[PDB]
Number of protein chains: 6
Amino acid sequence: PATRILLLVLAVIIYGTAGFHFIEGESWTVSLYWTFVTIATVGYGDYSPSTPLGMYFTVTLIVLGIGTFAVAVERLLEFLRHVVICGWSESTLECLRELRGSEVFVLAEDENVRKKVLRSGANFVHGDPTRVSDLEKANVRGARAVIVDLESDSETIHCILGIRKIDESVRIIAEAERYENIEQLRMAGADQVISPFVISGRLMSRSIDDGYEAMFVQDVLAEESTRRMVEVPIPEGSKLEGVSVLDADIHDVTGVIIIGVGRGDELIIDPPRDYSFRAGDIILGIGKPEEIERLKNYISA
Amino acid sequence: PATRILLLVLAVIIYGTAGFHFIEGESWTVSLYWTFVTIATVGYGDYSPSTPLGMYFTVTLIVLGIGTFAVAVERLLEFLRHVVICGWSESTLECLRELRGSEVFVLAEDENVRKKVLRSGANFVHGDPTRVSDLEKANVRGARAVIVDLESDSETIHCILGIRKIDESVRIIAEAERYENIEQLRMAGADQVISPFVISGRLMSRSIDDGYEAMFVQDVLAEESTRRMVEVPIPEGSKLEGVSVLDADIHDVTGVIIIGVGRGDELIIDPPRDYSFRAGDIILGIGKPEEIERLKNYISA
Amino acid sequence: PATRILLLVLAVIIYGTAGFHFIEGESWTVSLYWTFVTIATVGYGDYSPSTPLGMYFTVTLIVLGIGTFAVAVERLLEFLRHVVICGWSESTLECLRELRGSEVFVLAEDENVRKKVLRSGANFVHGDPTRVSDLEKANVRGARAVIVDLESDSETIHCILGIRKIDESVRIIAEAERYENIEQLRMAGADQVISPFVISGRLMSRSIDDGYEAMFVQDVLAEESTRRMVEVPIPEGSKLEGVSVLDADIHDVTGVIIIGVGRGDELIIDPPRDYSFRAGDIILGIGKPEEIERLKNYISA
Amino acid sequence: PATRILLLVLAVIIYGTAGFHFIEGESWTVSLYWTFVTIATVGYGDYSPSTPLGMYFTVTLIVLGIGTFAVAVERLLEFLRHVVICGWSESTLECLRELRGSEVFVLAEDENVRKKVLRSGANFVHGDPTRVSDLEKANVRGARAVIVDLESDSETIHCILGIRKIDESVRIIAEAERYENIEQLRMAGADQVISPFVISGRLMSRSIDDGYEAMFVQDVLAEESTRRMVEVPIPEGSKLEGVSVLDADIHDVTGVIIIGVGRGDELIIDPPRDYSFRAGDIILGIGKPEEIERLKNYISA
Amino acid sequence: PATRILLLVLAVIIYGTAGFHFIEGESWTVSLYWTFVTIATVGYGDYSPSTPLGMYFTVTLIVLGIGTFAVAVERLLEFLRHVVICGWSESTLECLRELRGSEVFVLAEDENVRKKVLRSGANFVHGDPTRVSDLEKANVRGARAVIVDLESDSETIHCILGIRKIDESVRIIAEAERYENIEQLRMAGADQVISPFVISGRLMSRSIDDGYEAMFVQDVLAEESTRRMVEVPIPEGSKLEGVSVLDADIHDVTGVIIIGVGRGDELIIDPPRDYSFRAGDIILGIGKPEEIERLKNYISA
Amino acid sequence: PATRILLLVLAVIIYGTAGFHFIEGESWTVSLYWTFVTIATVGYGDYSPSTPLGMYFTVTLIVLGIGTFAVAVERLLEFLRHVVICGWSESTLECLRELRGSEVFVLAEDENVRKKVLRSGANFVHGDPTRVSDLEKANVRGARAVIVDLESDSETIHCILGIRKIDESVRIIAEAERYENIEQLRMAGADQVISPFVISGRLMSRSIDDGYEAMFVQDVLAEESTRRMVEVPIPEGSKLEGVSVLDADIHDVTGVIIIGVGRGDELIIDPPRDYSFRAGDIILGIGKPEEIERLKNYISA
Ligand SMILES: [Ca+2]
Ligand SMILES: [Ca+2]
Ligand SMILES: [Ca+2]
Ligand SMILES: [Ca+2]
Ligand SMILES: [Ca+2]
Ligand SMILES: [Ca+2]
């Protein structure tokens, strides 16, 4: 019915522009040109509608002059490597703050959010991350990875399954509100789970004494003090491949502290001395950018 | 007034047991013995109250027999280095899970909580952590340290000031729900602030790539894989005091990775080579317990 | 993306005005002049777009005529000694009623308020007085003084710290909803605290007898009865400095009852006879304006 | 019906104790003595109810043994110049804090209140102060005066009319939540009206400058600093009656500042010099208790 | 299951009293007499349970001494021409106020009601008048008539159908909350419908002028001024049957104003002069009781 | 600030029309005529703005062409014997249905109402009938009479006092939601009180038997059956004044049943025979319009 009114304002043009070539200077060709020109509150002057009786029909083009302008308006506006964030929460916000330098889409239920999700360098997709149809509104298929944090682990567990139901291989990262659901959250298909509260809690209990243990975690993740925790990959042909951690003395050599090495989906912290670097191996280390750069070279080719 | 009714039920014993040695076999000594015995619906038989007239006074001991039984009941049940946790939240819960091996008191508004705060090795103090009077119900004065996490940073900021208002030196550790209040949370007097959401968010944005950076934080704080992040202090007389990090090769020597050194209230991550250990200095390092033990000795005296 | 649509409505002018100098009287200079003139539903007549084929391109300028007018509208509006009142409550309202003769800004969360905060001689700044960013929207830095009354002492305590966090010297005046928080309210940084309820309550208990005690407080603060409570300062060179209250007989002399003298941040009520006026001293007294004027002179130079 | 069940448990004693002198050793006198003794789970032993057939009737005394014990219990506890406070609010609370040394009854809708209204030296009457029937539950008729503060001026206006509807002369004191209703609050019958917010507001606006004006009001009503605002009456035969305020130099003489004199229902603040004290006159003055005592004597007889 | 536990506490008496005639002085007759006497915390002394081994079985009678006392308690209190009112509202209340002199049952959802429905001379049946099962709890089948007023016409319409579903002939009287449902309320089966609001409204509009029209309705229905609106039936053999209203001059004769005559389910107001009384006819008239009595006789036989 | 933007759109006319007499054909008189003509998307053609450089300033009149049209719009619409109904309820609605043939104003809090209060022949005044300022928005002063029905008797009691506070003589008609407040409702100043529920209730209890008594009230107030309840006044010079009800036989004479006579503010139902009509007396009677007309004449002069 909304597109059925654009037929009445289209008929007024064949009824309003019709009396132009009939009640004035004949021109069945430039008849609509008079109507559109007149209705568009233009009034250039290609026909002042002089006829008196044609002034009565010219008055009709004034009445139905808004029944096509205020009409074709809502009808003209009723046609014409990215990351998706399901759910909009502080976690999400703080996250969107880092991903600022890239294409991010926040899919959320509450519209009121929009305005702010925009104040932060992200695009807003109004929908419910639980409905696959809306997940698609954010194009999860092509999402480099999806971050999920809804109000209740239940809704999150849902959203995940939904995502799976589309691209069953996108990297999904979810926040767990309660420790007791971390596993279900994985079963559902989350690849990585983060439990802000378990971290927070432990850090608390661990800062009753001295708060360095908690000072570490928070400071390291903050873009301050130069020192930066970085994960460096070992190229296929590495002058290390086969070498022992103990033998490479990466610290003495690079200055980059290695807090652990990773074999996709798994990571070891104080890697034992007799550890042997491989190809896909990833180095989790903290260090001055220089040190880092130096570390990359000490491995290159 | 609740303890003023225990004087009426105590006077009924001097009025009920009084007629025993007066309206029966004289015995001002074993008079109360008859009243208590009778009121206790015992009726052993040391005096069947035979007197007819004394049966009228024996009936009074039956009427006021519940005005001392149903009384001394709620009156008998109305008499017979610790950590205080203000607010009961997941963070709090997860925290109370570590502090299990010690005296912990959770002060919260909602009673329904109690039952669970008990299922977890902690004692419950029903009150509002914003009211100083209730803070005192949990004895903050003697609290080794107070952990604070209320529903809204506002209420937390409050609670803190409150605590300050009592022991202006207790170590206060608070969680911040929003990044924008971390500072006010300190001004108010929080010594240590933890923002689960800032951590969570960043870890997220940092795990779009590879999730080791986030795998580290969560795994390190979990009592698994042997490896343990520990903060070891440098005794006053240390065979290191004055020595350079570069010179002590603590890693090669101990095997304990040092992720940073701390000077009370502050911590440096990749301490520069030319750093010189001092007395109060604290070593933040991850390593096998053995390694740790070994690290402590490599410093002792 | 909201500023990326202003490039499409900017391209329609290079595509709509482009066909003007091509499908009509050549004029690559006054081509945009035809498009803008036409799109602005003006139709002066500098070119009636006569060409039939140019009438087809002239119709395109009518269709995309709103895709630049309804566009450049939200884009043109998307670029282009005062007192601040945080929180909007009856207290606040009644207060804004006195400050009518001056620059006042009310900063509040609920928009619905606006309309009324305007009916009262004040400017409205929509924001949350707890967020420093919004405090700044009201320019607390330059605020002569800030009045604070939010729904819960907690939120107030918050707001205060926030203010402190900016101009750590602005005079802050806060209302306390509960007696038990008057101190925390100060610790946080409130300079002056008013507890309407403590006043109200006491006045009540004090008016069970005769209601003069309560009739005084309310009447004195009301702009009626001539009598006015005034605080008069003692100039540096005063013919009183050093004189005893008993000796100056200010009442007999001036007629201005002195209910107390104040030494910045502190005030004494029935100042003892042997009190000696000083320089900065402030006289809190009630009296007929004349009496007052008379009091000022009895001290001048 | 609650007192009609005490006739069934009284008939069981005439039916339970009746079979004792009929189905055992005859004794229509000591028959109830066996029933009461038995029902009271006493079992002294004055009759072991040996009869086998009488053991069937002795069993009936065991069944209806609780139909008289659990009965006469709630029946024994259901029998064995004051001020009424309608509504329970901070104002009210702070007020009840002064009236501690006297008989006060708080009548309120929410039961949850009770416990606290008791922690404060007052008695609680659960009811709605708007329903006359409940007002009567608090005996307004005999109330020395009624204090009224309900959640909304409307409810208060109501409550008042209600009170009027009973003792149309009790001194009613009400708090007004909004300035715009102070008059209706009076029309309804309130004798004294207190608007905590109008006071609070004004004090605020008045403390932007220096806060003495607000320091006065709050401090004077506080039982401190010794100084106490008192209203002293002029006895019938006074060595002042007829004397001029100017002539009595009460301040110089007593030390008690007189902030105003009152002629029932009315009070003048800086009484003009040519004022003449009368009989019923009341002196509103602030001063050290000694000063006060001294003031009373300077008038006695 | 609640009555299945009274079989376990009944088996403990055949198991507890069984060891009495087995582990003591033989008496299979007075065995239960020992168990009941012992379990009733009586201890008269007809058997002190002396046997040591029988003291082990006498201890079992002490353990299961509460598993029959605390049991038979809630089991002893769990056994020991009327009008039904569905829904409890002011209308209902005001109605129950008239029906005070008779058997009335109020069936309602909210339990909190009970206490009051009892303060008014009625019995309370806790249930939902929409559920037939609960309608039956109030025995509508035998209800002289059912009055229905639930919160929403919808629920009422429901309740009615429900009632119909049982006694499809009980006189149902329902209140309609909205004028627009009076008919549906009848279709559903209400026999009589009352719309307090339509009455109220009209009376209002009719009392803008003079309020007699509204003074009539309210006063007539109030048990005051002697005058009473009464409906008197015309006996089968009446000295009026066939007589004209004009001819009977009932007013002049009786003094009872006849405001209308009724033919079951219908009533005419100013019956025309030429009206002829019949048998079942009912006379709606107002008049002094005497007048009424006089009217009854002027028709008798 | 809303009227401060009309100075910027007024300055654009002195800045936009200014370049017309400077960058075109000089005419400081008809300069604003070009601006207003241009901004009004008129484009008559009195100046096509030919100048190229003036086309750059002519473009500025296109940009700021909406900053005066979309402005002066909300600024042009932001300047340019009756009955008042306080509160909008079914009662009210049903009432407004009768008063259809007259000037009625409904003053209510909820805006959503408006639309409907209009569908019914009444004018809507959005405000709170409790605030005198809004009562005045409906001009109670001149209200022929005010009808009051708010959600709670409390709010009504309020509203009344408010009304009194303005025209202390307007006829006030109020509905009482609860029987227990009918008196307070009067004390407050209601002149006439209607209790739909008391009526409804009684009618119910009275229709358990036969429902004529309730059929009467509802039918009489309904504009059906010809019969109409009317109140006819006795003119000053009446051929009845002094005559006995018994003597005037108004029924026999007129046919109009007299259900009662009224002496302002009071009404008697079956007026005793020996009653004597007076001047101001009002006759409450039901009867055919003819009968009525006939009744008026039987009294005229
Ligand atoms: Ca979250
Ligand atoms: Ca939390
Ligand atoms: Ca407030
Ligand atoms: Ca209050
Ligand atoms: Ca109803
Ligand atoms: Ca109503």
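Residues numbered from 1 in each chain as written, not as in the entry; some residues may be left out. Chains lettered and ligands numbered in written order. Part of a larger assembly, values for the part shown. Heavy atoms only, no water. Residues with missing side-chain atoms left out of burial classes, pairs and counts.

Asks: Go over the arrangement of the chains, please, and point to the residues and values.
Replies: Chain A makes no contact with chain D; the smallest distance between any of their C-alpha atoms is 32 Å. Kept free of each other, chain C and chain E leave a smallest C-alpha distance of 33 Å between them. (Contact = heavy atoms within 4.5 Å.)

Asks: How would you sum up the interface of chain F and chain D? Please name residues and give values.
Replies: Taken together, the contact between chain F and chain D spans 18 residues of the former and 19 residues of the latter. Where the side of chain F that touches chain D is concerned, the elements lending two or more residues are helix 8 (153-164) and helix 9 (182-187) of chain F. With seven residues, helix 8 of chain F is the largest single contributor of residues to the side of chain F that touches chain D. Grouping the amino acids of the side of chain F that touches chain D by side-chain chemistry returns five nonpolar, six polar and seven charged. (Helix = DSSP H or I, 4+ residues; strand = E, 2+ residues; numbered from the N terminus. Nonpolar A, V, L, I, M, F, W, Y, C, P; charged D, E, K, R; others polar.)

Asks: Would you mind going over the sheet that holds strand 10 (residues 282-287) of chain C in detail, with residue names and values included?
Replies: Residues and elements named next belong to chain C. The antiparallel open sheet is built from four strands, whose spatial order is 7-10-8-9. Each having just a single partner strand, strand 7 (228-233) and strand 9 (267-268) make up the two edges of the open sheet. Two strands pair when backbone bridges link them, and strand 8 (residues 257-262) and strand 10 are joined in this way by five bridges, in the antiparallel orientation. Within strand 10, the position partnered with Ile257 by the bridge is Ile286. Sheet strands in contact with helix 15 (residues 289-297) are strand 7 and strand 10, and its direction is about 150° off that of strand 10. (Pairing = 2+ DSSP bridges. Axes fitted to C-alpha atoms, helices over the stretch in contact; angles between N-to-C directions.)

Asks: Which residues make up the relation of the copies chain F and chain D, and what values go with them?
Replies: With an RMSD of 1.7 Å, chain F superimposes on chain D once it is rotated by 179° and translated 0.7 Å along the axis. Expressed as an axis order, the relation between the two copies is that of a two-fold axis. Among all residues of chain F, the minimum C-alpha distance to the rotation axis is found for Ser154(F), at 2.7 Å. Most of the interface of chain F is mirrored in chain D, where 100% of its interface residues again form contacts. (Least-squares fit on C-alpha atoms.)

Asks: Describe the interface of chain A and chain B, naming the residues involved and giving the relevant values.
Replies: The partner chain B presents 73 residues to the 72 residues of chain A that form the contact. Taken together, the residues of the side of chain A that touches chain B break down into 34 nonpolar, 13 polar and 25 charged.

Asks: Lay out the relation of the copies chain A and chain B in plain terms, naming residues and giving numbers.
Replies: Turning chain A through 180° and shifting it by 0.1 Å along the axis lays it on chain B, with an RMSD of 1.2 Å. Comparing interface residues between copies, 100% of those in chain A also lie at the interface in chain B; the contact surface is shared.

Asks: An account of the packing of helix 11 (residues 196-206) of chain C against helix 12 (residues 196-206) of chain D is requested, with residue identities and associated values reported.
Replies: When two helices pack together, their arrangement is captured by the angle between the axes and the distance separating the axes. Taken N-terminus to C-terminus, the directions of helix 11 of chain C and helix 12 of chain D make an angle of 130°; their axes are 9 Å apart at the nearest point. By the criterion of interaxial angle, the relationship of helix 11 of chain C to helix 12 of chain D is oblique. By crossing handedness, the relation of helix 11 of chain C to helix 12 of chain D is classed as right-handed. Across the interface between the two elements, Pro196(C), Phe197(C), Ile199(C), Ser200(C) and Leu203(C) from helix 11 of chain C touch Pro196(D), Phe197(D), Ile199(D), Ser200(D) and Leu203(D) from helix 12 of chain D. (Parallel < 35°, antiparallel > 145°, perpendicular 65-115°, else oblique. Left-handed = near helix turned anticlockwise from the far one by under 90°.)

Asks: Which residues make up the sheet that holds strand 10 (residues 282-287) of chain A, and what are the values?
Replies: Read across the open sheet, the four strands follow the order 7-10-8-9 (chain A); overall the sheet is antiparallel. On the outer flanks of this sheet lie strand 7 (228-233) and strand 9 (267-268) of chain A, each paired with one strand and no other.

Asks: Tell me about the UniProt feature "intramembrane region" in chain A, and name the residues and values.
Replies: Residue and element names in this part refer to chain A. Under the UniProt annotation, the feature "intramembrane region" is placed at residues 31-40 and 41-46. Within the segment residues 31-40, helix and strand shares are 80% and 0% respectively, and the terminal C-alpha atoms sit 14 Å apart. As annotated, residues 41-46 has a helix share of 0% and a strand share of 0%, and its two end C-alpha atoms lie 13 Å apart. (UniProt positions renumbered as here; feature names shortened; annotations may be inferred.)

Asks: Talk me through the environment of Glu241(C); I want residue IDs and the actual numbers.
Replies: Residue and element names in this part refer to chain C. As for its placement among the helices and strands, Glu241 is situated in the loop between strand 7 and helix 13 (245-248). As a C-alpha pair, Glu241 and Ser276 span 35 residues in sequence and 7.3 Å in three-dimensional space. Setting aside anything within four residues of it in sequence, one finds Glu241 in contact with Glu236, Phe277, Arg278 and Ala279.

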